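1. only geometry, no sequence info:
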Ligand SMILES: Nc1ncnc2c1ncn2[C@@H]1O[C@H](COP(=O)(O)OP(=O)(O)OP(=O)(O)O)[C@@H](O)[C@H]1O
Ligand SMILES: Nc1ncnc2c1ncn2[C@@H]1O[C@H](COP(=O)(O)OP(=O)(O)O)[C@@H](O)[C@H]1O
């Protein structure tokens, strides 16, 4: 009767929902995989628009490619594209501060 | 009309989406691939012609609708000298099967030398510390059932 | 002061006034034991240990009955047996302390407690009131929960007392029911024939195994006495009981019915034609089980030992499974214990345990197979030897597990004709003690492993490959010329070659289009070589 | 009889099956008949 959309991490799933075994049955799982490098680049551009508008700087395309690939390589403790946009916003704040 | 034809293909699609395993009617860009998979491997891994033959054979039979058993797709023991490909072949295979070869389940069994480390393949018994995050291997297969352990 | 504690729970003598409860059948010795312990002054208040549904509370009820009568001696005379309603009683402590005041008022209130472990909340004033005294009560728990209790031995072992209460005999249960069949037949306005009662007991002790006597049989009687009633809107019989058991467990009523003394005829046919080869072997074992099971012999032991000898990997496990299906069915009666894992003299620890003990605990109606027994050790060997003596193993709790209708079949390779007929005993008496041999039921030995029989197996295997396709979809047929081409193969695992020649080749050729679904795929040797065609 | 004090609070299956909303159950005649029997019993009346 009521349409729902749930969202848990794998960890909470195994630990909590899987434990229930009845409510789990009610819902329908859908795996969302981390984007590859290229998909991450496109996501990063779409968001680059807003991040530019908020920091008031302009983020190069190759800047974003480097953010994606670097953060794929030298962070390896959290996932994309959260990593990449975190770097992008870091850099934006850093540059705006560098304006002062 | 024609659209009122929920057929085997559509159940196959909702399965292969639900569980990661690819049960459906394979098409071009796949059959050509599965046939040429021997050549893909023998590109990535040089020499060692015999192995890639048997691995490609098993992947094909499994993917061709054969492999009636409820037992796993394949089971190989690669022996030989060092620096020959016993790991490179598996990396090539997981890469050609999926891409990036990073979906491959890699378990360095050289780490489970102890008697009790056998815990972290199956988890830690209920109640005991680490019970929730259990299954260094099992959770990896329940995450992605169609992979190369 | 009756008001408060009667508001706590109803008295048993109140029921015994008109004796609403059925008079319990037998248990007179056990009730006498209860009277003994209640007569004592140090450890007077007992606790009845037994499985659920065995009728432990029935013993307390019959006790209240013998209390109303004069069977009870004088010191225990004038004693009201009550119980406890935890529901009907911030304030529950006040009411319970009031109950304790009334216990102090009249020292003639033998209380009763079911599920005593989960009760001692109330312990806060019960366990103290036990120490002071005059709370003489009775306890009804299980065994393991009694262990959980005695783990409070500090203040509770001194006072309590164990009274093991166990299943009535499969015979005794008949008189139990015959005594109490009256009440239900009155309730449902039917009548219960005594053959129906004995049949219900004989199907309860065998085909359900989940619960215990007499609970099993009483439940069956009541389910029949309601089914027949609803069928009318008269007399219940074996037919209804077989039907309700079939509804319970899910086995077919026919298999419940006919297989008592005629399945033994079909068994030898099944053995003779379920595995290929081992001709004299099926003759041997078939003769054997007819000697034991059909025969009036070996009442204490199980069906008996069958040490399978010869080359491992020729049909031993398959003969075992075929026999399992034969005598008991389901292909699930066979339990396997890989004695190669027991290559350690401590491994018996996991027996004393997630091993054969739990397996026979779950179903005492089954087959058991021990493979690579040679890999065992003299300690686990002595274990299985005293088992084969009586089946009674006792692991992790002293559980006197019974081996009633189990099969003990050991498998190994000491061989590895008449010269072999001698060497087998040679390496038996030379590899372990002769007494274990002397606990023989029969010894099954097959030496030859290669014959035309082998080719037949391959045919069977080909059939299996066709089966799974008729399952999903295909129409494979292996022409016997191709079957012989494959079979012309040394080593036994020819299915691998089947896979190679047929399954692979066909999959490669099907992937590229030379085959499509819904086609009669004949594989044949036309020139001395595999040829595929489709007929649809 | 005819008490609106509970249907106000519970959900009546049968009154729903009046207007035929519940999806039909196929098979399970054995289990339904067993619920019926147990429902007509004195030792253990309540089914679970
Ligand atoms: N036949 C081959 N073709 C191409 N590269 C190879 C081959 N054999 C080994 N290599 C190279 O060896 C490296 C990895 O070899 P691999 O790890 O498979 O050897 P290995 O047998 O796993 O070694 P180890 O004995 O330490 O397990 C890669 O650089 C790979 O290019
Ligand atoms: N010896 C017996 N004579 C008559 N009835 C018995 C006997 N043993 C068990 N019963 C029956 O068992 C039923 C209840 O068993 P109960 O004592 O409640 O099981 P548990 O001991 O697990 O609580 C009663 O209907 C009782 O008549």
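-> Good, I have the coordinates. Numbers count the residues shown, from 1 in each chain, chains lettered A, B, ... in the order given. Ligands and ions are numbered 1, 2, ... in the order given.
2. Residue B:81 belongs to a strand?
-> No - counting by DSSP: H, G, I helix; E, B strand; the rest coil, residue B:81 is not part of a strand but coil.
3. Distance of residue B:9 relative to residue C:507?
-> From residue B:9 over to residue C:507 the distance is 20 Å, taken as CB to CB, to the nearest Å. From N, CA and C alone the C-beta is placed, and that goes for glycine too.
4. neighbour-wise, which of those two wins?
-> Using other CB atoms under 10 Å in any protein chain shown, the more surrounded residue of residue B:9 and residue C:507 is residue C:507, with 21 against 10.
5. The helix or strand in which residue A:89 is found and chain B, any residue contact?
-> Residue A:89 is part of helix A:82-98 when elements are defined by DSSP states H and E. No - Helix A:82-98 stays clear of chain B (CB under 8 Å from any CB of the partner chain), getting no nearer than 15.5 Å.
6. Now chain B against chain D: closest residue?
-> residue B:6 (18.0 Å; CB to the nearest CB).
7. Check chain A too.
-> For chain A, CB to the nearest CB, closest residue to chain D: residue A:1, 11.7 Å.
8. residue contacts, that residue?
-> If a contact means CB atoms under 8 Å, 6 or more residues apart in numbering or on different chains, then residue A:1 has no contacts.
9. Now look at stretch D:20-36 and say if it contacts chain C.
-> Yes - legend: contact between stretch D:20-36 and chain C by CB under 8 Å from any CB is shown at D:30, D:33, D:34, D:36.
10. which residues in chain A form helices?
-> A:10-12, A:18-20, A:23-26, A:37-55, A:61-73, A:82-98 (DSSP state H).
11. Tell me the helices and strands packed up against the longest one.
-> With contacts taken as 3 or more CB pairs under 8 Å, 6 or more residues apart in numbering or on different chains; DSSP states H and E, helix A:37-55 sits against helix A:61-73, helix A:82-98.
12. Go through these and name the closest to ligand 1.
-> Nearest to ligand 1 among the helices and strands packed on helix A:37-55 is helix A:61-73 (19.0 Å), distances taken as CB to the nearest ligand atom.
13. And chain B, is that closest one touching that?
-> No - shown here: helix A:61-73 not in contact with chain B (CB under 8 Å from any CB), separated by at least 10.6 Å.
14. if we look at that helix, which residues are touching it?
-> A:37, A:40-41, A:44-45, A:48, A:80-81, A:83-84, A:86-88, A:91.
15. Tell me the one of those nearest residue B:43?
-> Nearest to residue B:43 among those is residue A:37, at 22.7 Å by CB to CB.
16. Now do the buried residues in the top helix by length along chain D.
-> Ordering each helix of chain D by length in residues (DSSP H) puts helix D:29-39 first. For helix D:29-39, a neighbour-count test (16 or more other CB atoms under 10 Å in any protein chain shown) marks D:34, D:37, D:38 as buried.
17. what about the residue lying farthest from the centre of chain D, helix or strand, and which?
-> Largest separation from the mean C-alpha position in chain D: residue D:43, at 20.3 Å (CA atoms, centre = their mean). Secondary structure from DSSP H and E places residue D:43 outside every helix and strand.
18. I'd like to know how far it sits from residue A:44.
-> For residue D:43, the distance to residue A:44 - CB to CB - is 71 Å.
19. rewinding a little: mind putting the helices of chain A into CSV with distance to residue B:48?
-> Putting the helices of chain A into CSV (distance: least, CB to CB, whole Å) gives the following:
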stretch, distance to residue B:48
helix A:10-12, 37
helix A:18-20, 42
helix A:23-26, 45
helix A:37-55, 31
helix A:61-73, 30
helix A:82-98, 38
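20. what's the closest of these to residue B:27?
-> Nearest to residue B:27 among the helices of chain A is helix A:37-55 (23.2 Å), distances taken as CB to CB.
21. returning to that earlier point: for the residue of chain B closest to chain D, which three-state class applies?
-> coil.
22. Kindly list the main-chain dihedrals of residue 2?
-> Going with chain A. When read as degrees, to the nearest 10, the backbone of residue A:2 gives phi -100, psi 130.
23. Let me know the closest of the residues of stretch D:20-36 next to chain C to chain B.
-> Of the residues of stretch D:20-36 next to chain C, the one sitting nearest to chain B (CB to the nearest CB) turns out to be residue D:30, at 28.7 Å.
24. quick one, what contacts that closest one?
-> residue C:247.
25. Would you mind listing the buried residues in stretch B:5-21?
-> residue B:20.
26. Is chain A within reach of it?
-> Yes - contact of stretch B:5-21 with chain A (CB under 8 Å from any CB) involves B:18, B:20.
27. residues in contact with the residue lying closest to residue B:44 once chain neighbours are set aside?
-> Nearest residue to residue B:44 in three dimensions, chain neighbours excluded: residue B:92, at 3.8 Å (CB to CB, 6 or more residues apart in numbering or on different chains). The neighbours of residue B:92, taking CB under 8 Å, 6+ apart as the test, are B:40, B:41, B:44, B:45, B:101.
28. residue in chain B nearest to ligand 2?
-> Closest point on chain B to ligand 2, by CB to the nearest ligand atom, is residue B:126, at 28.0 Å.
29. quick one: what helix or strand has that residue in it?
-> With DSSP H and E as the test, residue B:126 turns up in no helix or strand.
30. That one: neighbouring residues, count only.
-> 8.
31. interface residues of chain A facing ligand 2?
-> Residues of chain A lying near ligand 2 by CB under 6 Å from any ligand atom: none.
32. centroid residue for chain A?
-> Nearest to the centroid of the C-alpha atoms of chain A, with distances taken as CA atoms, centre = their mean, sits residue A:82, at 2.7 Å.
33. for chain B, what spans make up the helices?
-> Along chain B, counting by DSSP H, helices occupy B:8-18, B:31-44, B:49-63, B:88-97, B:119-122, B:138-143.
34. what's the closest of those to residue B:25?
-> helix B:8-18 (6.0 Å).
35. ok, and what's touching that closest one?
-> By CB under 8 Å, 6+ apart, helix B:8-18 touches A:29, B:21, B:22, B:23, B:24, B:25.
36. and that helix, how far from the chain's centre?
-> 19 Å (CA atoms, centre = their mean, to the nearest Å).
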